[PDB]
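Enquirer: Before we start, here is the structure in question, set down as structure tokens.
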Amino acid sequence: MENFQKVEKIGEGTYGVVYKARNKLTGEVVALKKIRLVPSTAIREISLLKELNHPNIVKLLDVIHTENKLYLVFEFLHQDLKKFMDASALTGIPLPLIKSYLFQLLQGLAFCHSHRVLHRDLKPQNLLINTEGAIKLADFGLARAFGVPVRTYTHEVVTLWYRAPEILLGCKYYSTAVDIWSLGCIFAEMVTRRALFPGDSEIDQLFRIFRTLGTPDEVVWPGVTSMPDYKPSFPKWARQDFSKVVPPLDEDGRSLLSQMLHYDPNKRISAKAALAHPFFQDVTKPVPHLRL
Ligand SMILES: Brc1cccc(-c2cc(NCc3ccncc3)[n+]3[nH]cnc3n2)c1
């Protein structure tokens, strides 16, 4: 830590305070993350993430285990998508830019997933943008390392808006399809300028999902009725047309959103397959209008 000078508190993450900081020797400007509670297991797992390098993954520069505390030093980026969407509310992110960002995030998932590494807590606050038209995933792999708590260290509620339904139904064993689902929800949110499923508890989240996509059953999701927190007593809602759910998204876009939104995680499109989807045939890399 003494090798850093804290420029400023950026905010309060899942695990702890996030600082913008300068390496007190090397000049480099970085994101510094203190991790609350170190266990041998988390070290070895964190250390596997330093090698998981990709242009659409926020680079983990260094892990520091000293004084029995744990800091993570990250490539610094100046804005997240949550804030960028807020800034863009009056007219929406232009579709060519939504496509570029989606395309790039799928590239980063496709990388991590091929090495068997999931995010598990994708969300706008976790997706970070620069002035070059790029977008990157933060905190990849940290959920397996440390868990995902209900409240942060500052009791701030961790949002459920982007959580896949197999998790909400108590499935113990997640696959990579959970990130696809989150990303699907983020994709719908960029398009409509409104969160898809803003639940404020687990059941409100589940039921919000149900009301839009239909209560899942053994037809669409084999094995569903036998998941840990499934209850025969769930209300049975009918599914809504996607045309109602995300206008004015185009046919290709709606078609892809649907596959990213499949109940059965096994049926849910992979990142790699999704990059091949006709939605992305005219993809480009526009530069965002950023005010820092
Ligand atoms: Br709080 C919180 C929760 C999850 C991720 C991050 C960030 C933000 C960020 N920069 C975006 C901002 C946001 C606001 N002010 C300055 C930079 N990062 N750069 C590199 N890792 C980062 N992790 C912060």
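Chain identifiers are assigned as A, B, and so on, following the order in which chains appear in the structure tokens; residues are numbered from 1 within each chain, and ligands are numbered from 1 in order of appearance.
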When the cut-off is 7 Å and you count only C-alpha atoms and all ligand atoms, which residues lie near ligand 1, shown as a VMD selection string?

Expert: chain A and resid 10 to 14 18 30 to 31 58 74 to 80 125 to 126 128 138 to 139

Enquirer: Go ahead and dump the residues you just picked, N, CA, C and O atoms, as a short mmCIF file (atom, residue, chain, number, x, y, z; two decimals), in the first residue's frame.

Expert:
data_model
loop_
_atom_site.label_atom_id
_atom_site.label_comp_id
_atom_site.auth_asym_id
_atom_site.auth_seq_id
_atom_site.Cartn_x
_atom_site.Cartn_y
_atom_site.Cartn_z
N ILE A 10 -13.01 5.88 -5.26
CA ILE A 10 -13.88 5.83 -6.43
C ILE A 10 -15.28 5.46 -5.99
O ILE A 10 -16.27 6.00 -6.51
N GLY A 11 -15.36 4.54 -5.03
CA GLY A 11 -16.62 3.99 -4.60
C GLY A 11 -16.42 2.79 -3.70
O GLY A 11 -15.29 2.50 -3.28
N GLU A 12 -17.52 2.11 -3.39
CA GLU A 12 -17.53 0.96 -2.47
C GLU A 12 -17.98 -0.26 -3.23
O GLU A 12 -19.16 -0.40 -3.51
N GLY A 13 -17.05 -1.14 -3.59
CA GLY A 13 -17.38 -2.38 -4.30
C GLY A 13 -17.96 -3.49 -3.43
O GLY A 13 -18.14 -3.34 -2.21
N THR A 14 -18.27 -4.62 -4.08
CA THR A 14 -18.71 -5.84 -3.40
C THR A 14 -17.83 -6.12 -2.17
O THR A 14 -18.33 -6.22 -1.04
N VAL A 18 -12.80 0.83 -3.31
CA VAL A 18 -12.11 1.00 -4.59
C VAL A 18 -11.52 2.42 -4.65
O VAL A 18 -12.23 3.42 -4.49
N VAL A 30 -3.78 3.49 -11.48
CA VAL A 30 -4.42 2.19 -11.29
C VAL A 30 -5.68 2.24 -10.42
O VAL A 30 -5.95 3.24 -9.72
N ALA A 31 -6.44 1.15 -10.47
CA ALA A 31 -7.54 0.96 -9.56
C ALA A 31 -7.02 0.01 -8.49
O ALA A 31 -6.43 -1.04 -8.80
N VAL A 58 -10.56 -6.22 -17.89
CA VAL A 58 -9.80 -5.21 -17.18
C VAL A 58 -8.59 -5.95 -16.59
O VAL A 58 -8.79 -6.89 -15.82
N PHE A 74 -5.48 -2.99 -10.45
CA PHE A 74 -6.10 -3.14 -11.76
C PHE A 74 -5.72 -1.99 -12.68
O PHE A 74 -5.54 -0.87 -12.24
N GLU A 75 -5.63 -2.29 -13.96
CA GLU A 75 -5.68 -1.28 -15.01
C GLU A 75 -6.77 -0.28 -14.66
O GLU A 75 -7.85 -0.68 -14.21
N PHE A 76 -6.52 1.01 -14.80
CA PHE A 76 -7.59 1.99 -14.50
C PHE A 76 -8.42 2.36 -15.74
O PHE A 76 -7.86 2.58 -16.81
N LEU A 77 -9.74 2.41 -15.58
CA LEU A 77 -10.62 2.96 -16.61
C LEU A 77 -11.51 4.05 -16.00
O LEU A 77 -11.89 3.98 -14.83
N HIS A 78 -11.90 5.04 -16.80
CA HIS A 78 -12.42 6.28 -16.27
C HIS A 78 -13.92 6.35 -16.04
O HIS A 78 -14.42 7.28 -15.39
N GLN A 79 -14.67 5.41 -16.62
CA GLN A 79 -16.13 5.46 -16.53
C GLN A 79 -16.71 4.04 -16.55
O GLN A 79 -16.18 3.14 -17.21
N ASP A 80 -17.82 3.84 -15.86
CA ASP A 80 -18.59 2.62 -16.09
C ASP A 80 -19.81 2.89 -16.96
O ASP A 80 -20.20 4.03 -17.16
N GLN A 125 -22.23 -1.67 -13.40
CA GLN A 125 -21.19 -1.03 -12.60
C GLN A 125 -19.81 -1.70 -12.84
O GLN A 125 -18.77 -1.10 -12.59
N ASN A 126 -19.86 -2.93 -13.36
CA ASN A 126 -18.73 -3.85 -13.54
C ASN A 126 -18.10 -3.79 -14.93
O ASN A 126 -17.12 -4.46 -15.20
N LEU A 128 -16.61 -1.42 -17.87
CA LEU A 128 -15.90 -0.16 -17.82
C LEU A 128 -15.45 0.29 -19.21
O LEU A 128 -15.10 -0.55 -20.04
N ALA A 138 -14.80 -5.87 -15.48
CA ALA A 138 -14.16 -5.85 -14.15
C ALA A 138 -14.58 -6.98 -13.18
O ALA A 138 -15.72 -7.48 -13.20
N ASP A 139 -13.65 -7.31 -12.30
CA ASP A 139 -13.86 -8.28 -11.24
C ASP A 139 -14.16 -9.68 -11.75
O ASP A 139 -14.84 -10.46 -11.08
#

Enquirer: List as a ChimeraX atom specification the protein and nucleic acid residues near residue 168 of chain A, meaning an atom at most 12 Å away when only C-alpha atoms are counted, but skip any in the same chain fewer than 4 places from it.

Expert: /A:160-164,172-174,178,199,201-210,224,227-230,263

Enquirer: May I ask which of the residues A:42, A:150, A:134, A:292 is the closest one to residue 99 of chain A, counting only C-alpha atoms?

Expert: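 The answer is A:134, which sits nearest to residue 99 of chain A.
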
Enquirer: Using Å and a single decimal, report how far atom CA of residue 213 of chain A sits from atom CA of residue 239 of chain A.

Expert: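 Taking atom CA of residue 239 of chain A and atom CA of residue 213 of chain A, their separation equals 4.4 Å.
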
Enquirer: Would you please extract all alpha helix (DSSP H) residues from segment 11-154 of chain A, as assigned by DSSP on the backbone, and give them as a PyMOL selection string?

Expert: chain A and resi 40-49+81-87+95-114+142-146

Enquirer: Quick one: everything within 9 Å of residue 69 of chain A, counting only C-alpha atoms, minus sequence neighbours fewer than 4 positions away in the same chain. Send it as a PyMOL selection string.

Expert: chain A and resi 34-38+64-65

Enquirer: Taking only C-alpha atoms into account, name the residue in A:132, A:264, A:217, A:156 that is nearest to residue 290 of chain A.

Expert: A:132

Enquirer: Mind checking which residues fall within 8 Å of residue 62 of chain A, counting only C-alpha atoms, ignoring those fewer than 6 positions away in the same chain, and posting them as a PyMOL selection string?

Expert: chain A and resi 50+72-74
